[PDB]
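Structure file final.txt; described as compact mmCIF, C-alpha atoms.
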# COMPACT_ATOMS: atom_id res chain seq x y z
CA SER V 1 8.03 -6.34 174.90
CA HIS V 2 5.38 -4.65 177.04
CA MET V 3 8.45 -2.60 177.98
CA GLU V 4 9.45 -2.26 174.35
CA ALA V 5 7.63 0.88 173.08
CA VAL V 6 8.40 2.89 176.24
CA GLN V 7 12.10 1.89 176.24
CA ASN V 8 12.30 2.98 172.62
CA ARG V 9 10.66 6.35 173.38
CA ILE V 10 13.24 6.93 176.20
CA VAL V 11 16.14 6.00 173.92
CA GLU V 12 14.86 8.21 171.11
CA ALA V 13 14.43 11.17 173.46
CA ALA V 14 17.95 10.77 174.82
CA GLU V 15 19.51 10.34 171.41
CA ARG V 16 18.06 13.73 170.22
CA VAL V 17 20.02 15.62 172.93
CA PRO V 18 23.14 17.48 171.67
CA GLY V 19 26.37 15.71 172.80
CA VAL V 20 24.79 12.27 172.95
CA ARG V 21 26.47 9.76 170.55
CA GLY V 22 24.12 6.99 171.60
CA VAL V 23 22.54 5.27 174.52
CA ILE V 24 24.69 2.43 175.77
CA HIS V 25 22.41 0.95 178.42
CA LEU V 26 18.93 1.52 179.85
CA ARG V 27 17.45 -0.14 182.94
CA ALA V 28 13.78 0.81 183.25
CA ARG V 29 11.01 -0.62 185.40
CA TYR V 30 7.43 0.12 185.92
CA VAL V 31 6.18 0.58 189.33
CA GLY V 32 2.46 0.77 188.77
CA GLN V 33 2.16 3.26 185.88
CA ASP V 34 5.27 5.24 186.92
CA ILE V 35 8.69 4.50 185.50
CA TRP V 36 12.00 4.38 187.43
CA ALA V 37 15.08 4.26 185.26
CA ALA V 38 18.90 4.44 184.99
CA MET V 39 20.61 5.20 181.73
CA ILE V 40 24.16 5.13 180.46
CA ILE V 41 24.87 7.44 177.55
CA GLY V 42 27.88 7.54 175.22
CA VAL V 43 29.70 10.75 174.63
CA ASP V 44 32.83 12.05 172.91
CA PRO V 45 35.75 10.55 174.93
CA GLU V 46 37.57 13.83 174.76
CA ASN V 47 34.74 15.69 176.53
CA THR V 48 35.91 16.65 180.01
CA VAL V 49 34.26 14.92 183.02
CA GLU V 50 32.45 18.24 183.68
CA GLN V 51 31.29 18.45 180.07
CA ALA V 52 29.95 14.91 180.25
CA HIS V 53 28.02 15.74 183.46
CA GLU V 54 26.33 18.65 181.67
CA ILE V 55 25.21 16.38 178.86
CA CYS V 56 23.85 13.91 181.46
CA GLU V 57 21.87 16.74 183.07
CA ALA V 58 20.50 17.75 179.67
CA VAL V 59 19.41 14.18 178.98
CA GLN V 60 17.68 13.91 182.32
CA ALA V 61 15.71 17.12 181.67
CA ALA V 62 14.82 16.20 178.07
CA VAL V 63 13.74 12.61 178.78
CA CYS V 64 11.72 13.47 181.83
CA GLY V 65 10.17 16.34 179.86
CA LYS V 66 9.02 14.07 177.08
CA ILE V 67 8.12 11.00 179.04
CA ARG V 68 6.05 12.29 181.87
CA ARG V 69 5.41 8.92 183.47
CA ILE V 70 9.03 8.85 184.60
CA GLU V 71 9.17 9.45 188.37
CA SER V 72 12.97 8.90 188.77
CA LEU V 73 15.80 8.86 186.20
CA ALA V 74 19.60 8.54 186.64
CA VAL V 75 21.94 9.30 183.81
CA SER V 76 25.67 8.53 183.59
CA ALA V 77 28.18 8.91 180.76
CA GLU V 78 30.85 6.72 179.19
CA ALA V 79 33.16 7.15 176.14
CA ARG V 80 31.71 6.15 172.72
CA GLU V 81 33.66 6.34 169.40
CA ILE V 82 31.96 8.37 166.65
CA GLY V 83 31.26 5.45 164.27
CA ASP V 84 30.04 3.02 166.96
CA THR V 85 26.50 1.95 165.81
CA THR V 86 26.00 -0.71 168.58
CA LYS V 87 22.38 -0.78 169.67
CA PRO V 88 21.39 -0.05 173.30
CA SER V 89 21.29 -2.89 175.80
CA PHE V 90 18.16 -3.25 178.08
CA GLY L 1 28.70 -5.57 210.30
CA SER L 2 32.14 -4.78 211.75
CA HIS L 3 33.73 -7.36 209.45
CA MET L 4 32.23 -5.83 206.26
CA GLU L 5 33.16 -2.42 207.58
CA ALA L 6 36.75 -3.54 207.80
CA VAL L 7 36.64 -4.78 204.22
CA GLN L 8 35.17 -1.51 203.07
CA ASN L 9 37.95 0.47 204.70
CA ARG L 10 40.54 -1.75 202.99
CA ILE L 11 38.92 -1.04 199.55
CA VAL L 12 38.87 2.68 200.20
CA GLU L 13 42.54 2.73 201.31
CA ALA L 14 43.66 0.80 198.21
CA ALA L 15 41.65 3.06 195.88
CA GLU L 16 42.86 6.31 197.34
CA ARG L 17 46.57 5.38 196.62
CA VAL L 18 45.86 5.42 192.89
CA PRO L 19 47.08 8.46 190.90
CA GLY L 20 44.18 10.65 189.85
CA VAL L 21 41.84 9.53 192.68
CA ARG L 22 40.92 12.67 194.67
CA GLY L 23 38.83 10.53 197.08
CA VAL L 24 36.24 7.79 197.16
CA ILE L 25 32.72 9.36 196.98
CA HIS L 26 30.70 6.25 197.52
CA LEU L 27 31.16 2.51 198.11
CA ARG L 28 28.51 -0.19 198.25
CA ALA L 29 29.70 -3.74 199.05
CA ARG L 30 27.87 -6.94 199.77
CA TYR L 31 28.23 -10.69 199.69
CA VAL L 32 26.85 -12.47 196.74
CA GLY L 33 27.53 -16.03 197.69
CA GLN L 34 30.90 -16.15 199.49
CA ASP L 35 32.38 -13.39 197.35
CA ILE L 36 32.00 -9.67 197.48
CA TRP L 37 30.35 -7.57 194.81
CA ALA L 38 31.00 -3.90 195.06
CA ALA L 39 30.39 -0.65 193.24
CA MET L 40 32.37 2.53 193.91
CA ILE L 41 32.28 6.05 192.71
CA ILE L 42 35.62 7.85 192.72
CA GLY L 43 36.19 11.57 192.52
CA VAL L 44 38.53 12.89 189.90
CA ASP L 45 39.70 16.21 188.35
CA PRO L 46 36.77 17.61 186.44
CA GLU L 47 39.18 18.57 183.59
CA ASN L 48 40.15 14.97 182.97
CA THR L 49 38.72 13.70 179.72
CA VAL L 50 36.10 10.96 179.94
CA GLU L 51 38.67 8.58 178.49
CA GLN L 52 41.26 9.69 181.10
CA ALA L 53 38.68 9.16 183.91
CA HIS L 54 38.04 5.64 182.61
CA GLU L 55 41.75 4.77 182.84
CA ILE L 56 41.82 5.91 186.43
CA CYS L 57 38.79 3.68 187.08
CA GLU L 58 40.62 0.75 185.50
CA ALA L 59 43.77 1.55 187.65
CA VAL L 60 41.57 1.43 190.75
CA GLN L 61 40.00 -1.83 189.79
CA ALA L 62 43.45 -3.36 189.32
CA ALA L 63 44.73 -2.07 192.63
CA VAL L 64 41.73 -3.07 194.73
CA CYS L 65 41.10 -6.37 193.16
CA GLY L 66 44.80 -7.14 193.79
CA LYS L 67 44.66 -6.50 197.52
CA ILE L 68 41.23 -7.99 198.39
CA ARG L 69 40.92 -11.52 197.20
CA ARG L 70 37.29 -12.09 198.01
CA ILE L 71 36.03 -9.36 195.61
CA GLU L 72 34.61 -11.03 192.54
CA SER L 73 33.17 -7.95 190.91
CA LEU L 74 34.07 -4.27 191.38
CA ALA L 75 32.45 -1.54 189.30
CA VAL L 76 34.16 1.79 189.42
CA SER L 77 32.81 5.05 188.00
CA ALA L 78 34.10 8.54 188.14
CA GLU L 79 32.55 11.88 189.03
CA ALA L 80 34.03 15.41 189.27
CA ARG L 81 35.57 16.26 192.68
CA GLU L 82 37.20 19.63 193.52
CA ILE L 83 40.74 19.34 194.89
CA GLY L 84 40.06 20.64 198.44
CA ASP L 85 36.74 18.79 198.90
CA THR L 86 36.72 17.02 202.31
CA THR L 87 33.50 14.93 202.36
CA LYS L 88 34.49 11.39 203.55
CA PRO L 89 33.26 8.31 201.68
CA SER L 90 29.67 7.28 202.15
CA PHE L 91 28.54 3.56 202.40
Exercise: express the given structure as structure tokens:
Amino acid sequence: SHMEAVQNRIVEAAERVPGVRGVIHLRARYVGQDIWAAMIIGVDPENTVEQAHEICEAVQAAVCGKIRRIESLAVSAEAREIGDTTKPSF
Amino acid sequence: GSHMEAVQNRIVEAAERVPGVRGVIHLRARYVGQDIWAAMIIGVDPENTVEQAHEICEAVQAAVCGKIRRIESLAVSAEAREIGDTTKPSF
């Protein structure tokens, strides 16, 4: 819950990137005042593997751009169906 | 860790038989208790769909977990790999 606000900022940043259907999972830790994090995003299942990689790169740039305290971020992509409203796991 | 090395090679060989696997990019394996927990990244055609790539991952899981009894957990994820790429698996 001391992680809560920052996790929500990261999710919100990622979810405003074109091609992102939602964030599936986010592992984030503080190390001092820097953040290290790994995120799984959901994308159209009919995107190609190369398309999905591009969206992952876009999320990395956007999230790091908005949340400057992030020192390291990994992003990976999995299939998500268009009406899935399942909340992110943390 | 010659014994774990041996196990790793057996996982790679089982994975690389699976249709759609261009090669294993990465494998991390370790004992958690007396079982093995492992995570592997496989290389696949970049033109696969995400859902296609997932099925290949599930095919690999079934194949590996069927040959190596001691693996309790195996996570498999897919990344783009070009067809003539030669880089061997990393550990």
Counting all atoms listed in the file, give me one row per residue of chain V with an atom at most 8 Å from an atom of chain L, showing the shortest contact pair and its distance in Å to one decimal, sorted by chain then residue number, as JSON lines.
{"residue": "V:44", "atom": "CA", "partner": "L:50", "partner_atom": "CA", "distance": 7.8}
{"residue": "V:45", "atom": "CA", "partner": "L:51", "partner_atom": "CA", "distance": 5.0}
{"residue": "V:46", "atom": "CA", "partner": "L:49", "partner_atom": "CA", "distance": 5.1}
{"residue": "V:47", "atom": "CA", "partner": "L:49", "partner_atom": "CA", "distance": 5.5}
{"residue": "V:48", "atom": "CA", "partner": "L:49", "partner_atom": "CA", "distance": 4.1}
{"residue": "V:49", "atom": "CA", "partner": "L:46", "partner_atom": "CA", "distance": 5.0}
{"residue": "V:50", "atom": "CA", "partner": "L:46", "partner_atom": "CA", "distance": 5.2}
{"residue": "V:52", "atom": "CA", "partner": "L:50", "partner_atom": "CA", "distance": 7.3}
{"residue": "V:78", "atom": "CA", "partner": "L:50", "partner_atom": "CA", "distance": 6.8}
{"residue": "V:79", "atom": "CA", "partner": "L:50", "partner_atom": "CA", "distance": 6.1}
Practice prompt. Have a look at CA of residue 42 (chain L) and CA of residue 89 (chain V) and let me know their distance in Å, one decimal.
Written response: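 These two atoms are separated by 24.6 Å.
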Using only C-alpha atoms, determine which residues lie at most 9 Å from residue 10 (chain V), disregarding the query and same-chain residues fewer than 6 positions distant; provide the list as a PyMOL selection string. chain V and resi 26+63-64+66-67
One decimal place gives the CA of residue 7 (chain V)-CA of residue 22 (chain V) separation as 13.9 Å
Pairwise distance, CA of residue 17 (chain V) with CA of residue 43 (chain L), equals 25.7 Å
- Item | Neighbour list for residue 14 (chain V) as a ChimeraX atom specification, cut-off 9 Å, only C-alpha atoms, skip fewer than 4 positions in-chain | /V:9-10,20,22-23,41,58-60,62-63
Please provide the set of residues having any atom within 10 Å of region 5-8 of chain L, restricted to all atoms listed in the file, with same-chain residues fewer than 6 positions apart removed, written as a list in words. residues 27, 28, 29, 30, 36, 38, 68, 70, 71 and 91 of chain L
Where atoms are absent from region 72-89 of chain L, fill them in so it carries N, CA, C and O atoms, then output it as a compact mmCIF listing (two decimals), in the frame of the given file.
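This went into out01.txt:
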# COMPACT_ATOMS: atom_id res chain seq x y z
N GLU L 72 34.84 -10.35 193.82
CA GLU L 72 34.61 -11.03 192.54
C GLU L 72 34.27 -10.06 191.48
O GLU L 72 34.51 -10.32 190.31
N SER L 73 33.64 -8.98 191.84
CA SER L 73 33.17 -7.95 190.91
C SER L 73 33.28 -6.59 191.56
O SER L 73 32.79 -6.42 192.63
N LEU L 74 33.94 -5.64 190.91
CA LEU L 74 34.07 -4.27 191.38
C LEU L 74 33.85 -3.27 190.25
O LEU L 74 34.70 -3.17 189.34
N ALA L 75 32.76 -2.51 190.31
CA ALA L 75 32.45 -1.54 189.30
C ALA L 75 32.90 -0.23 189.84
O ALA L 75 32.67 0.08 190.99
N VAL L 76 33.64 0.48 189.02
CA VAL L 76 34.16 1.79 189.42
C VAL L 76 33.78 2.84 188.39
O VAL L 76 33.95 2.62 187.18
N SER L 77 33.22 3.95 188.86
CA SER L 77 32.81 5.05 188.00
C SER L 77 33.32 6.33 188.59
O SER L 77 33.70 6.35 189.77
N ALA L 78 33.47 7.32 187.72
CA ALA L 78 34.10 8.54 188.14
C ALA L 78 33.17 9.75 188.00
O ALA L 78 32.41 9.85 187.00
N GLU L 79 33.23 10.63 189.02
CA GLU L 79 32.55 11.88 189.03
C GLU L 79 33.53 13.02 189.40
O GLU L 79 34.57 12.78 189.94
N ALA L 80 33.19 14.23 189.01
CA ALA L 80 34.03 15.41 189.27
C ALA L 80 34.16 15.61 190.77
O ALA L 80 33.18 15.45 191.49
N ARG L 81 35.35 15.91 191.25
CA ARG L 81 35.57 16.26 192.68
C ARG L 81 36.61 17.40 192.72
O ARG L 81 37.64 17.34 192.03
N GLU L 82 36.31 18.46 193.47
CA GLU L 82 37.20 19.63 193.52
C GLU L 82 38.33 19.32 194.51
O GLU L 82 38.12 18.57 195.47
N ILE L 83 39.52 19.87 194.27
CA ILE L 83 40.74 19.34 194.89
C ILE L 83 40.80 19.44 196.43
O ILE L 83 41.45 18.60 197.08
N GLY L 84 40.13 20.45 197.00
CA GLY L 84 40.06 20.64 198.44
C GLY L 84 38.77 20.15 199.09
O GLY L 84 38.50 20.48 200.25
N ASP L 85 37.97 19.38 198.36
CA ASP L 85 36.74 18.79 198.90
C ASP L 85 37.15 17.84 200.03
O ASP L 85 38.14 17.13 199.90
N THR L 86 36.41 17.86 201.13
CA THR L 86 36.72 17.02 202.31
C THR L 86 35.69 15.93 202.66
O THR L 86 35.92 15.16 203.58
N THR L 87 34.55 15.87 201.96
CA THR L 87 33.50 14.93 202.36
C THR L 87 34.12 13.51 202.34
O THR L 87 34.84 13.14 201.40
N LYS L 88 33.92 12.75 203.42
CA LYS L 88 34.49 11.39 203.55
C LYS L 88 33.61 10.44 202.73
O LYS L 88 32.51 10.83 202.33
N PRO L 89 34.10 9.22 202.44
CA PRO L 89 33.26 8.31 201.68
C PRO L 89 31.98 7.96 202.40
O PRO L 89 31.98 7.82 203.63
